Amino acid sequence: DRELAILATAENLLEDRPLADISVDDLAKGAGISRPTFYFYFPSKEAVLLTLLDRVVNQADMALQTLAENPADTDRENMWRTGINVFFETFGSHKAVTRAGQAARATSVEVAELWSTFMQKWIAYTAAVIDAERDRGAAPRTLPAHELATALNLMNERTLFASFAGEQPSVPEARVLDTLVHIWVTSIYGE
């Protein structure tokens, strides 16, 4: 729609500057519409970022749901690698939205609640798979599954974001998947 044009303009402009340096008039100009026509589709530039983040987070969530219903036929290391890779590829494909979404989180209760809702879902699913692994006798009963899942998911949130944002310090982007898979597998399967 013109809606898609506003979203595409915002994702494109977030690649060279922060949301603070983008005006409603910048987004309108980019989408070939007026300022008031803009305000028809979205109440604020903040609402545009929220919609962009919602789309990225639901893409990750739907990719993980697809994988959950369609297990890869490989060893347990390559199965965790496949699941972590959903997040690596999805957020890694939308770095500017990921970086601006993380920033907004301090300032936007809707952005903070969106990230919180999905992190709770992804942790609950992580804990359920660890529990299944313990029930089949492949993983030892060590930490409570939900607490282990929480820290592994927060590790991935922080470590993926540092790599994508080029922070110092960070794991290089070409090494981060293998780094996370090692810590997940040793911490889930180790005595």
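Numbering starts at 1 and runs along the sequence shown.
Q: Please compare 171-179 with 19-27 and say which has the higher mean C-alpha temperature factor in the record.
A: Taking the mean C-alpha B-factor of 171-179 and of 19-27, the larger value falls to 19-27.
Q: With reference to the PDB entry, specify whether the mean Cα temperature factor is higher for 67-75 or for 86-94.
A: It is 67-75.
Q: Among 147, 54, 157, 135, where is the Cα temperature factor highest, going by the PDB entry?
A: In the PDB entry, the greatest C-alpha B-factor among 147, 54, 157, 135 is found at 135.
Q: With respect to C-alpha B-factor, does residue 38 fall in the lowest, middle or highest third of the chain as deposited?
A: For residue 38, whose C-alpha B-factor we compare with every modelled residue in the chain, the answer is the middle third.
Q: Where does the C-alpha B-factor of residue 6 rank in its chain, lowest, middle or highest third?
A: Middle third, going by the recorded CA B-factors of the chain.
Q: When the modelled residues of the chain are sorted by Cα temperature factor, does residue 44 land in the lowest, middle or highest third?
A: Highest third - that is where residue 44 ends up once the chain's C-alpha B-factors are sorted.
Q: Taking the chain's C-alpha temperature factors as the reference, tell me which third residue 106 falls into: lowest, middle or highest.
A: For residue 106, whose C-alpha B-factor we compare with every modelled residue in the chain, the answer is the highest third.
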